[PDB]
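Only one chain is included here, represented as structure tokens and corresponding to the form deposited in one PDB entry.
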């Protein structure tokens, strides 16, 4: 459960948030494979409630109606087509599995679902699965409202409704089997793993009973005995009775303290500085590296819908965001996930973005195709952060330095720091309000190296900054606090 099952030498996955299957298939072939991305986290592929008020919000996909592979992203054939084409090019697919609940208890019965399946939340009837009143935790929850009212009670956090979402009785073998049937269908199609949505709201033991029913990965693409990669979404900042460590026996866990603290450090909130990142990782009270799935922002908290709240860096904060993602991709801790978003009309009223529910670019509800501009950026309001040179090049940087120790750390006691990864890579950052000009020990072999943040090594030459490393591994770096990207990264393969 702990290994991503990526191809040897590919170290990151991208969340192509709300993308259609056909666009992901194309992207696997035209960009992800050539650029060395290990895999893709896709949005929930099962049928969900179609919510028209507000108009098709992104969160309607977290309210299941059935396990039919029928959504705004595409149908079952298109889903299969995408998994096959991506796998055939070495890029894995990870499914967002929404298995803790069905839709809101207050949603109207009818056939307002993405595949036209009938459902009746009021009577707990989801015939397309099928599920009935017996498969929900209505009689097990002990709160007066039936919803989760207090997180200091670990029992109600698991048995009651997360803001009204009907809660599946996961201790029942029937329910566990319906979920396993769904996941095995996906494993046999070829997916490499799952993000278990809302894991904090499920008992570690019920999750394990479900995982025990899962198949090994498809032997047509994976070695025999391969187990699906499992990463559980557990928001564990401090102070709650539920700890992410309680889920280690099941697979990896999302480490939300990662992006939260990186954001405050990079924003320099409340006295924090980059020099403090010297012992970043377990030293900061994070989970062990081999159990961590890290990221700067995720689909929830990039729109204020989650852990970290205000300090979270997102594409809207482009200059600082690139620096944070760069630090994440160069640091040895955890398995990294890169975010890929869409633009929405933020609209802050009293500090709250009243448009945080806006769904993906669409024409009358039909999600728009990702179009590629001549300069490789995307059109139709897809931000495509994974295509930004500074990010794409750092994805490759991680691949190149995979396995190398963290060494040659330097910091000016403020916000100018640098470190290397063995003798395969080196990165320098200037987040101070003055310039950086110093000769540092890089641990790299003598030569001329292309800085992959400002440019690329394109046919024997660098299109941006060049660094010259002398025989003793020393090199001079100059970064003014006015640079569009206040950081420089060089590695074995950008060497001229």
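Residue numbers count along the first chain shown, from 1.
We do not show the form deposited with a partner chain bound, though everything after this point is about it.
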TODO: Indicate whether residue 55 is a 4.5 Å heavy atom neighbour of its partner chain in the deposited bound form.
DONE: no
TODO: State yes or no: in the deposited bound form, is some non-hydrogen atom of residue 163 no more than 4.5 angstroms from a non-hydrogen atom of its partner chain?
DONE: yes
TODO: Using a 4.5 Å heavy atom cut-off, state whether residue 356 contacts its partner chain in the deposited bound form.
DONE: yes
- [ ] Report yes if any heavy atom of residue 92 sits within 4.5 Å of a heavy atom of its partner chain in the deposited bound form; otherwise report no.
- [x] no
Task: 236, 300, 385, 159 - the one with a heavy atom within 4.5 Å of its partner chain in the deposited bound form - done: 300
- [ ] Taking 4.5 Å between heavy atoms as the contact cutoff, choose which of 43, 431, 454, 63 touches its partner chain in the deposited bound form.
- [x] 63
- [ ] Quick one: find which of 400-408, 180-188, 123-131, 193-201 has residues within 4.5 Å of its partner chain in the deposited bound form by heavy atom distance.
- [x] 193-201
